[PDB]
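Novice: I am sharing structure.tsv, which consists of TSV, N, CA and C atoms:
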```
chain	number	residue	atom	x	y	z
A	1	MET	N	17.94	-23.30	-27.89
A	1	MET	CA	18.98	-24.20	-28.41
A	1	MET	C	20.12	-24.33	-27.40
A	2	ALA	N	20.24	-25.50	-26.78
A	2	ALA	CA	21.29	-25.79	-25.79
A	2	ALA	C	21.01	-25.08	-24.46
A	3	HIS	N	20.95	-23.75	-24.49
A	3	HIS	CA	20.71	-22.96	-23.29
A	3	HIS	C	19.24	-23.02	-22.87
A	4	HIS	N	18.88	-24.09	-22.17
A	4	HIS	CA	17.58	-24.20	-21.54
A	4	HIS	C	17.55	-23.29	-20.31
A	5	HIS	N	16.68	-22.28	-20.34
A	5	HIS	CA	16.64	-21.26	-19.29
A	5	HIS	C	16.43	-21.90	-17.92
A	6	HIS	N	17.47	-21.87	-17.10
A	6	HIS	CA	17.43	-22.43	-15.76
A	6	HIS	C	17.87	-21.38	-14.74
A	7	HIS	N	16.92	-20.58	-14.28
A	7	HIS	CA	17.19	-19.50	-13.33
A	7	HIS	C	15.90	-19.10	-12.62
A	8	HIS	N	15.90	-19.19	-11.30
A	8	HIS	CA	14.72	-18.84	-10.51
A	8	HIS	C	14.55	-17.32	-10.48
A	9	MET	N	13.61	-16.82	-11.28
A	9	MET	CA	13.39	-15.38	-11.41
A	9	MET	C	11.95	-15.00	-11.08
A	10	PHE	N	11.81	-13.92	-10.31
A	10	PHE	CA	10.51	-13.32	-10.01
A	10	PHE	C	9.59	-14.29	-9.27
A	11	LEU	N	10.17	-15.22	-8.51
A	11	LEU	CA	9.38	-16.08	-7.62
A	11	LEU	C	9.01	-15.29	-6.37
A	12	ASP	N	10.01	-14.65	-5.79
A	12	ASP	CA	9.83	-13.86	-4.58
A	12	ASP	C	9.49	-12.42	-4.95
A	13	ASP	N	8.20	-12.12	-5.02
A	13	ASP	CA	7.72	-10.78	-5.36
A	13	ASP	C	8.26	-9.75	-4.37
A	14	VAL	N	8.09	-10.03	-3.08
A	14	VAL	CA	8.59	-9.15	-2.02
A	14	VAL	C	10.09	-8.90	-2.19
A	15	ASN	N	10.84	-9.95	-2.48
A	15	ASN	CA	12.28	-9.84	-2.64
A	15	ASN	C	12.60	-8.89	-3.79
A	16	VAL	N	11.86	-9.03	-4.89
A	16	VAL	CA	12.06	-8.19	-6.06
A	16	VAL	C	11.79	-6.72	-5.74
A	17	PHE	N	10.70	-6.44	-5.03
A	17	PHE	CA	10.36	-5.06	-4.67
A	17	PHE	C	11.46	-4.45	-3.81
A	18	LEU	N	11.80	-5.12	-2.71
A	18	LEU	CA	12.81	-4.62	-1.79
A	18	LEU	C	14.17	-4.49	-2.48
A	19	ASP	N	14.50	-5.46	-3.32
A	19	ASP	CA	15.79	-5.45	-4.03
A	19	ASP	C	15.83	-4.35	-5.07
A	20	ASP	N	14.76	-4.24	-5.85
A	20	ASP	CA	14.68	-3.28	-6.95
A	20	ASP	C	14.71	-1.85	-6.42
A	21	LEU	N	13.93	-1.60	-5.36
A	21	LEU	CA	13.81	-0.27	-4.79
A	21	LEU	C	15.04	0.07	-3.94
A	22	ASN	N	15.83	-0.94	-3.60
A	22	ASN	CA	17.08	-0.75	-2.87
A	22	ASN	C	18.21	-0.42	-3.85
A	23	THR	N	18.34	-1.24	-4.90
A	23	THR	CA	19.41	-1.07	-5.88
A	23	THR	C	19.17	0.16	-6.75
A	24	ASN	N	17.93	0.61	-6.78
A	24	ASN	CA	17.56	1.82	-7.49
A	24	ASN	C	17.06	2.86	-6.48
A	25	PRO	N	17.48	4.13	-6.61
A	25	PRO	CA	17.12	5.19	-5.64
A	25	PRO	C	15.63	5.56	-5.65
A	26	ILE	N	14.83	4.70	-6.26
A	26	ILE	CA	13.37	4.87	-6.30
A	26	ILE	C	12.81	5.10	-4.90
A	27	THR	N	13.04	4.13	-4.03
A	27	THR	CA	12.60	4.18	-2.63
A	27	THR	C	11.15	4.69	-2.50
A	28	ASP	N	10.30	4.30	-3.45
A	28	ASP	CA	8.89	4.70	-3.42
A	28	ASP	C	8.02	3.53	-2.98
A	29	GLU	N	7.66	3.54	-1.71
A	29	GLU	CA	6.91	2.46	-1.07
A	29	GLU	C	5.52	2.30	-1.68
A	30	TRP	N	5.07	3.33	-2.38
A	30	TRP	CA	3.72	3.39	-2.91
A	30	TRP	C	3.43	2.24	-3.88
A	31	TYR	N	4.47	1.77	-4.57
A	31	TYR	CA	4.33	0.66	-5.52
A	31	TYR	C	3.91	-0.61	-4.79
A	32	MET	N	4.41	-0.77	-3.57
A	32	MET	CA	4.08	-1.92	-2.74
A	32	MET	C	2.58	-1.94	-2.43
A	33	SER	N	2.05	-0.78	-2.08
A	33	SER	CA	0.63	-0.66	-1.78
A	33	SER	C	-0.20	-1.00	-3.02
A	34	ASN	N	0.31	-0.60	-4.18
A	34	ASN	CA	-0.33	-0.91	-5.46
A	34	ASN	C	-0.41	-2.43	-5.67
A	35	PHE	N	0.63	-3.13	-5.22
A	35	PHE	CA	0.68	-4.59	-5.30
A	35	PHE	C	-0.27	-5.23	-4.28
A	36	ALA	N	-0.18	-4.78	-3.03
A	36	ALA	CA	-0.97	-5.33	-1.93
A	36	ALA	C	-2.46	-5.06	-2.12
A	37	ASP	N	-2.78	-4.10	-2.99
A	37	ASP	CA	-4.16	-3.77	-3.32
A	37	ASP	C	-4.84	-4.93	-4.05
A	38	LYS	N	-4.06	-5.67	-4.83
A	38	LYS	CA	-4.59	-6.76	-5.64
A	38	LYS	C	-5.14	-7.88	-4.74
A	39	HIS	N	-6.47	-8.00	-4.70
A	39	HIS	CA	-7.12	-8.97	-3.82
A	39	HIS	C	-6.94	-10.39	-4.35
A	40	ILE	N	-5.83	-11.01	-3.98
A	40	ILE	CA	-5.53	-12.39	-4.36
A	40	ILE	C	-5.01	-13.16	-3.16
A	41	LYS	N	-5.36	-14.44	-3.06
A	41	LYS	CA	-4.89	-15.28	-1.97
A	41	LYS	C	-3.47	-15.78	-2.28
A	42	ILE	N	-2.50	-15.09	-1.70
A	42	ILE	CA	-1.09	-15.35	-1.97
A	42	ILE	C	-0.58	-16.60	-1.25
A	43	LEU	N	-1.02	-16.80	-0.01
A	43	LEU	CA	-0.50	-17.88	0.84
A	43	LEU	C	-1.62	-18.49	1.69
A	44	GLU	N	-1.26	-19.51	2.46
A	44	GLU	CA	-2.17	-20.11	3.43
A	44	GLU	C	-1.92	-19.50	4.80
A	45	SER	N	-2.76	-19.85	5.77
A	45	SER	CA	-2.68	-19.27	7.11
A	45	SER	C	-1.31	-19.50	7.75
A	46	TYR	N	-0.89	-20.76	7.82
A	46	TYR	CA	0.37	-21.12	8.46
A	46	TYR	C	1.56	-20.66	7.61
A	47	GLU	N	1.38	-20.68	6.29
A	47	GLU	CA	2.43	-20.26	5.37
A	47	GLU	C	2.76	-18.79	5.57
A	48	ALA	N	1.74	-17.95	5.50
A	48	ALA	CA	1.91	-16.52	5.67
A	48	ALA	C	2.37	-16.20	7.09
A	49	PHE	N	1.79	-16.90	8.07
A	49	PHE	CA	2.12	-16.69	9.48
A	49	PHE	C	3.62	-16.90	9.72
A	50	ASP	N	4.14	-17.98	9.17
A	50	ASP	CA	5.57	-18.31	9.31
A	50	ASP	C	6.43	-17.33	8.52
A	51	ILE	N	5.96	-17.01	7.32
A	51	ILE	CA	6.63	-16.05	6.46
A	51	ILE	C	6.65	-14.66	7.11
A	52	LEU	N	5.69	-14.39	8.00
A	52	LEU	CA	5.74	-13.17	8.82
A	52	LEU	C	7.07	-13.13	9.56
A	53	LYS	N	7.35	-14.22	10.28
A	53	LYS	CA	8.58	-14.36	11.06
A	53	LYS	C	9.80	-14.19	10.15
A	54	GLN	N	9.79	-14.94	9.05
A	54	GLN	CA	10.90	-14.90	8.10
A	54	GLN	C	11.17	-13.47	7.65
A	55	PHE	N	10.12	-12.81	7.15
A	55	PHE	CA	10.25	-11.44	6.66
A	55	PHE	C	10.61	-10.49	7.79
A	56	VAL	N	10.10	-10.76	8.99
A	56	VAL	CA	10.47	-9.96	10.16
A	56	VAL	C	11.99	-9.89	10.28
A	57	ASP	N	12.62	-11.07	10.31
A	57	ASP	CA	14.08	-11.14	10.40
A	57	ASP	C	14.73	-10.43	9.21
A	58	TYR	N	14.35	-10.84	8.00
A	58	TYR	CA	14.95	-10.33	6.77
A	58	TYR	C	14.82	-8.81	6.67
A	59	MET	N	13.71	-8.28	7.18
A	59	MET	CA	13.48	-6.83	7.16
A	59	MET	C	14.37	-6.15	8.18
A	60	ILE	N	14.49	-6.75	9.36
A	60	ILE	CA	15.33	-6.19	10.41
A	60	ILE	C	16.77	-6.10	9.92
A	61	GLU	N	17.18	-7.09	9.13
A	61	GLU	CA	18.55	-7.14	8.60
A	61	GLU	C	18.89	-5.89	7.77
A	62	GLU	N	17.88	-5.25	7.17
A	62	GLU	CA	18.13	-4.09	6.30
A	62	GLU	C	17.97	-2.76	7.06
A	63	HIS	N	17.32	-2.83	8.23
A	63	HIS	CA	17.12	-1.67	9.13
A	63	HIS	C	16.71	-0.40	8.38
A	64	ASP	N	15.98	-0.56	7.29
A	64	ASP	CA	15.70	0.56	6.40
A	64	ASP	C	14.38	1.24	6.75
A	65	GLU	N	14.45	2.53	7.09
A	65	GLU	CA	13.27	3.32	7.44
A	65	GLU	C	12.35	3.55	6.23
A	66	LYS	N	12.96	3.67	5.05
A	66	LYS	CA	12.25	4.11	3.85
A	66	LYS	C	11.50	2.97	3.18
A	67	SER	N	11.51	1.80	3.80
A	67	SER	CA	10.70	0.68	3.33
A	67	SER	C	9.56	0.37	4.31
A	68	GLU	N	9.42	1.21	5.34
A	68	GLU	CA	8.44	1.00	6.40
A	68	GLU	C	7.06	0.65	5.82
A	69	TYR	N	6.55	1.54	4.97
A	69	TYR	CA	5.26	1.36	4.32
A	69	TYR	C	5.25	0.07	3.49
A	70	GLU	N	6.41	-0.31	2.93
A	70	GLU	CA	6.51	-1.54	2.14
A	70	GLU	C	6.27	-2.73	3.05
A	71	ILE	N	7.07	-2.80	4.11
A	71	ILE	CA	7.01	-3.89	5.07
A	71	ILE	C	5.62	-3.98	5.69
A	72	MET	N	5.01	-2.82	5.94
A	72	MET	CA	3.65	-2.76	6.47
A	72	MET	C	2.67	-3.42	5.50
A	73	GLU	N	2.70	-3.00	4.24
A	73	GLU	CA	1.80	-3.54	3.22
A	73	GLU	C	2.06	-5.03	2.99
A	74	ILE	N	3.32	-5.43	2.99
A	74	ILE	CA	3.68	-6.84	2.89
A	74	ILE	C	3.10	-7.63	4.06
A	75	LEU	N	3.38	-7.18	5.28
A	75	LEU	CA	2.96	-7.91	6.47
A	75	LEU	C	1.45	-7.90	6.59
A	76	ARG	N	0.83	-6.82	6.13
A	76	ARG	CA	-0.61	-6.68	6.25
A	76	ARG	C	-1.31	-7.61	5.27
A	77	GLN	N	-0.81	-7.69	4.03
A	77	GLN	CA	-1.40	-8.61	3.05
A	77	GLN	C	-1.19	-10.05	3.50
A	78	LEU	N	-0.01	-10.33	4.07
A	78	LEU	CA	0.32	-11.67	4.54
A	78	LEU	C	-0.63	-12.11	5.66
A	79	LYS	N	-0.75	-11.29	6.71
A	79	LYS	CA	-1.58	-11.67	7.86
A	79	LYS	C	-3.07	-11.52	7.55
A	80	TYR	N	-3.40	-10.63	6.62
A	80	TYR	CA	-4.78	-10.46	6.18
A	80	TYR	C	-5.24	-11.72	5.47
A	81	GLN	N	-4.34	-12.27	4.65
A	81	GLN	CA	-4.57	-13.55	3.99
A	81	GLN	C	-4.56	-14.69	5.02
A	82	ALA	N	-3.60	-14.62	5.94
A	82	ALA	CA	-3.49	-15.59	7.03
A	82	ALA	C	-4.68	-15.50	7.97
A	83	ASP	N	-5.32	-14.33	7.98
A	83	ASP	CA	-6.46	-14.05	8.84
A	83	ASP	C	-6.07	-14.19	10.32
A	84	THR	N	-5.23	-13.26	10.78
A	84	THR	CA	-4.77	-13.25	12.16
A	84	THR	C	-4.31	-11.85	12.56
A	85	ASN	N	-4.68	-11.43	13.76
A	85	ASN	CA	-4.27	-10.13	14.29
A	85	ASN	C	-2.93	-10.26	15.01
A	86	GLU	N	-2.52	-11.50	15.27
A	86	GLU	CA	-1.31	-11.78	16.05
A	86	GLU	C	-0.05	-11.36	15.30
A	87	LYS	N	1.09	-11.53	15.96
A	87	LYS	CA	2.40	-11.25	15.38
A	87	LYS	C	3.46	-12.06	16.12
A	88	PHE	N	4.47	-12.53	15.40
A	88	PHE	CA	5.52	-13.35	15.99
A	88	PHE	C	6.82	-13.14	15.22
A	89	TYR	N	7.94	-13.42	15.87
A	89	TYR	CA	9.26	-13.17	15.29
A	89	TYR	C	10.15	-14.39	15.46
A	90	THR	N	11.26	-14.42	14.73
A	90	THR	CA	12.20	-15.53	14.79
A	90	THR	C	12.96	-15.54	16.11
A	91	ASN	N	13.54	-16.69	16.45
A	91	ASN	CA	14.30	-16.84	17.69
A	91	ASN	C	15.46	-15.86	17.72
A	92	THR	N	16.01	-15.59	16.54
A	92	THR	CA	17.16	-14.70	16.39
A	92	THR	C	16.74	-13.23	16.50
A	93	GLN	N	15.53	-12.92	16.03
A	93	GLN	CA	15.08	-11.54	15.93
A	93	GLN	C	15.20	-10.79	17.26
A	94	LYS	N	14.59	-11.34	18.31
A	94	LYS	CA	14.65	-10.74	19.66
A	94	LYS	C	14.26	-9.25	19.67
A	95	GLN	N	13.61	-8.78	18.60
A	95	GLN	CA	13.33	-7.35	18.43
A	95	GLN	C	12.00	-7.14	17.72
A	96	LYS	N	11.15	-6.28	18.29
A	96	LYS	CA	9.85	-5.97	17.69
A	96	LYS	C	10.00	-4.84	16.67
A	97	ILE	N	9.68	-5.12	15.41
A	97	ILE	CA	9.74	-4.10	14.36
A	97	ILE	C	8.74	-2.98	14.66
A	98	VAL	N	7.62	-3.37	15.26
A	98	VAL	CA	6.57	-2.44	15.67
A	98	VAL	C	7.15	-1.25	16.44
A	99	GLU	N	8.20	-1.50	17.22
A	99	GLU	CA	8.84	-0.46	18.03
A	99	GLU	C	9.46	0.63	17.16
A	100	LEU	N	9.93	0.26	15.96
A	100	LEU	CA	10.51	1.24	15.04
A	100	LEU	C	9.41	1.81	14.14
A	101	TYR	N	8.37	1.00	13.92
A	101	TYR	CA	7.22	1.40	13.10
A	101	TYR	C	6.60	2.71	13.57
A	102	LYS	N	6.16	3.52	12.61
A	102	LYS	CA	5.33	4.68	12.89
A	102	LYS	C	3.92	4.20	13.21
A	103	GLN	N	3.54	4.30	14.47
A	103	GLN	CA	2.24	3.82	14.92
A	103	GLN	C	1.11	4.47	14.13
A	104	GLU	N	1.34	5.70	13.69
A	104	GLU	CA	0.38	6.43	12.87
A	104	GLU	C	0.02	5.63	11.62
A	105	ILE	N	1.03	4.98	11.03
A	105	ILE	CA	0.83	4.16	9.83
A	105	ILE	C	0.12	2.85	10.20
A	106	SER	N	0.57	2.23	11.29
A	106	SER	CA	0.05	0.92	11.70
A	106	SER	C	-1.45	0.98	12.02
A	107	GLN	N	-1.94	2.17	12.39
A	107	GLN	CA	-3.36	2.34	12.73
A	107	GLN	C	-4.25	1.95	11.55
A	108	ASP	N	-3.93	2.49	10.37
A	108	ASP	CA	-4.71	2.25	9.16
A	108	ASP	C	-4.56	0.80	8.71
A	109	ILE	N	-3.35	0.28	8.84
A	109	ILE	CA	-3.06	-1.10	8.48
A	109	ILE	C	-3.96	-2.07	9.25
A	110	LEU	N	-3.96	-1.94	10.57
A	110	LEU	CA	-4.81	-2.77	11.41
A	110	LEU	C	-6.28	-2.45	11.19
A	111	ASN	N	-6.57	-1.18	10.90
A	111	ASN	CA	-7.94	-0.74	10.62
A	111	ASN	C	-8.56	-1.60	9.52
A	112	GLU	N	-7.73	-1.96	8.55
A	112	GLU	CA	-8.14	-2.82	7.45
A	112	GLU	C	-8.14	-4.29	7.86
A	113	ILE	N	-7.01	-4.73	8.39
A	113	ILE	CA	-6.79	-6.15	8.70
A	113	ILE	C	-7.81	-6.69	9.71
A	114	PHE	N	-8.11	-5.89	10.73
A	114	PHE	CA	-8.95	-6.38	11.83
A	114	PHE	C	-10.41	-6.43	11.39
A	115	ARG	N	-10.69	-5.70	10.32
A	115	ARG	CA	-12.01	-5.63	9.75
A	115	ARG	C	-12.46	-7.01	9.24
```
Show me, as structure tokens, the structure contained in the file I just sent.
Specialist:
Amino acid sequence: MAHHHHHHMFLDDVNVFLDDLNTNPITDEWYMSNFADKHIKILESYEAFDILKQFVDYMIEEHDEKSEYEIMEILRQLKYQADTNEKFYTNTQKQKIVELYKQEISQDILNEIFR
């Protein structure tokens, strides 16, 4: 009645995870893996590829170590769906997240993606 619900909610799943686990001391990246486990086609090749760049920047902005596994699972599901081993960043980024990444973690991620 009168108040027709007009609010963009839960569109950005990644945003919700990062925001929720940030605003709450949860900081449990494992939930992200639980999400990325769900075999669903989230995006298209170019969509996910570009969103790689977008998320690259947005992730760098938070410089958060405790979301590493989150960002990995996000980027891995994105490029896995995109079907590409490549990686690219925004003009502003000028910084490889991989350099901060624990290579030990990235091994398993690529182990899956490259398959």
Novice: Restricting the calculation to only N, CA and C atoms: of A:17, A:77, A:49, A:69, which residue gets closest to residue A:37?
Specialist: A:77
Novice: So which residues of chain A fall under helix (DSSP H, G or I) by DSSP, listed as an NGL selection string?
Specialist: :A and (13-23 or 30-36 or 45-60 or 65-82 or 97-99 or 103-113)
Novice: Nearest to residue A:56 among A:74, A:41, A:89, A:26, with distances taken over only C-alpha atoms: which residue is it?
Specialist: A:89
Novice: Would you compute the distance between atom C of residue A:70 and atom N of residue A:15? Give it in Å to one decimal.
Specialist: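 So the two atoms, atom C of residue A:70 and atom N of residue A:15, lie 10.2 Å apart.
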Novice: Just give me the gap between atom CA of residue A:92 and atom CA of residue A:59 in Å, one decimal is fine.
Specialist: 12.7 Å
Novice: Which one of A:79, A:67, A:42, A:48 sits closest to residue A:27 if you count all atoms listed in the file?
Specialist: A:67
Novice: Residues at most 8 Å from residue A:97, counting only C-alpha atoms, excluding those fewer than 3 positions away in the same chain, as a ChimeraX atom specification?
Specialist: /A:56,60,100-101
Novice: May I have the residues from that selection written out with N, CA and C atoms, as a tab-separated table (two decimals), in the coordinates of the input?
Specialist:
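Okay, this is what ended up in out_32.tsv:
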```
chain	number	residue	atom	x	y	z
A	56	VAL	N	10.10	-10.76	8.99
A	56	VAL	CA	10.47	-9.96	10.16
A	56	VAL	C	11.99	-9.89	10.28
A	60	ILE	N	14.49	-6.75	9.36
A	60	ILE	CA	15.33	-6.19	10.41
A	60	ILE	C	16.77	-6.10	9.92
A	100	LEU	N	9.93	0.26	15.96
A	100	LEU	CA	10.51	1.24	15.04
A	100	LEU	C	9.41	1.81	14.14
A	101	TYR	N	8.37	1.00	13.92
A	101	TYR	CA	7.22	1.40	13.10
A	101	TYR	C	6.60	2.71	13.57
```
Novice: Atom CA of residue A:34 to atom C of residue A:73: how many Å, to one decimal?
Specialist: 9.7 Å
Novice: Excluding same-chain residues fewer than 6 positions from residue A:10, what lies within 12 Å of it counting only C-alpha atoms, as a list in words?
Specialist: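 Listed by chain and then number, they are residues 16, 17, 19 and 20 of chain A.
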Novice: Restrict the output to stretch 62-104 of chain A and C-alpha atoms, then write it as a PDB file, in the first residue's frame.
Specialist:
```
ATOM      1  CA  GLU A  62      40.025  -2.743   0.371  1.00  0.00           C
ATOM      2  CA  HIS A  63      43.618  -4.127   0.571  1.00  0.00           C
ATOM      3  CA  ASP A  64      42.202  -6.845   2.820  1.00  0.00           C
ATOM      4  CA  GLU A  65      44.322  -9.974   3.386  1.00  0.00           C
ATOM      5  CA  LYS A  66      41.480 -11.883   5.068  1.00  0.00           C
ATOM      6  CA  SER A  67      39.364 -11.907   1.912  1.00  0.00           C
ATOM      7  CA  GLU A  68      42.149 -13.467  -0.201  1.00  0.00           C
ATOM      8  CA  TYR A  69      40.363 -16.825  -0.494  1.00  0.00           C
ATOM      9  CA  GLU A  70      37.135 -14.905  -1.239  1.00  0.00           C
ATOM     10  CA  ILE A  71      38.641 -12.911  -4.086  1.00  0.00           C
ATOM     11  CA  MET A  72      40.288 -16.109  -5.358  1.00  0.00           C
ATOM     12  CA  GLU A  73      36.990 -18.024  -5.423  1.00  0.00           C
ATOM     13  CA  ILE A  74      35.223 -15.024  -6.980  1.00  0.00           C
ATOM     14  CA  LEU A  75      37.866 -14.537  -9.673  1.00  0.00           C
ATOM     15  CA  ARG A  76      38.118 -18.258 -10.279  1.00  0.00           C
ATOM     16  CA  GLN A  77      34.367 -18.752 -10.770  1.00  0.00           C
ATOM     17  CA  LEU A  78      34.318 -15.649 -12.991  1.00  0.00           C
ATOM     18  CA  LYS A  79      37.182 -16.709 -15.293  1.00  0.00           C
ATOM     19  CA  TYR A  80      36.149 -20.375 -15.106  1.00  0.00           C
ATOM     20  CA  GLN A  81      32.775 -19.293 -16.478  1.00  0.00           C
ATOM     21  CA  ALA A  82      34.548 -16.893 -18.858  1.00  0.00           C
ATOM     22  CA  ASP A  83      36.770 -19.842 -19.813  1.00  0.00           C
ATOM     23  CA  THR A  84      40.130 -18.055 -19.827  1.00  0.00           C
ATOM     24  CA  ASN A  85      43.486 -18.533 -18.091  1.00  0.00           C
ATOM     25  CA  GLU A  86      44.378 -14.888 -18.755  1.00  0.00           C
ATOM     26  CA  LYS A  87      44.157 -11.943 -16.347  1.00  0.00           C
ATOM     27  CA  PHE A  88      43.836  -8.176 -16.798  1.00  0.00           C
ATOM     28  CA  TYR A  89      43.432  -5.070 -14.633  1.00  0.00           C
ATOM     29  CA  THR A  90      41.987  -1.559 -14.887  1.00  0.00           C
ATOM     30  CA  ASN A  91      44.013   1.407 -16.181  1.00  0.00           C
ATOM     31  CA  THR A  92      43.962   2.786 -12.641  1.00  0.00           C
ATOM     32  CA  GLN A  93      44.956  -0.479 -10.948  1.00  0.00           C
ATOM     33  CA  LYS A  94      48.613  -0.496 -12.127  1.00  0.00           C
ATOM     34  CA  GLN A  95      49.066  -3.332  -9.575  1.00  0.00           C
ATOM     35  CA  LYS A  96      48.926  -7.139  -9.793  1.00  0.00           C
ATOM     36  CA  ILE A  97      46.849  -8.661  -6.965  1.00  0.00           C
ATOM     37  CA  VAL A  98      48.673 -11.926  -7.695  1.00  0.00           C
ATOM     38  CA  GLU A  99      51.762 -10.303  -6.126  1.00  0.00           C
ATOM     39  CA  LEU A 100      49.971 -10.112  -2.750  1.00  0.00           C
ATOM     40  CA  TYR A 101      48.215 -13.452  -3.318  1.00  0.00           C
ATOM     41  CA  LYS A 102      49.494 -16.557  -1.553  1.00  0.00           C
ATOM     42  CA  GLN A 103      50.778 -18.555  -4.522  1.00  0.00           C
ATOM     43  CA  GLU A 104      50.118 -21.690  -2.464  1.00  0.00           C
TER      44      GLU A 104
END
```
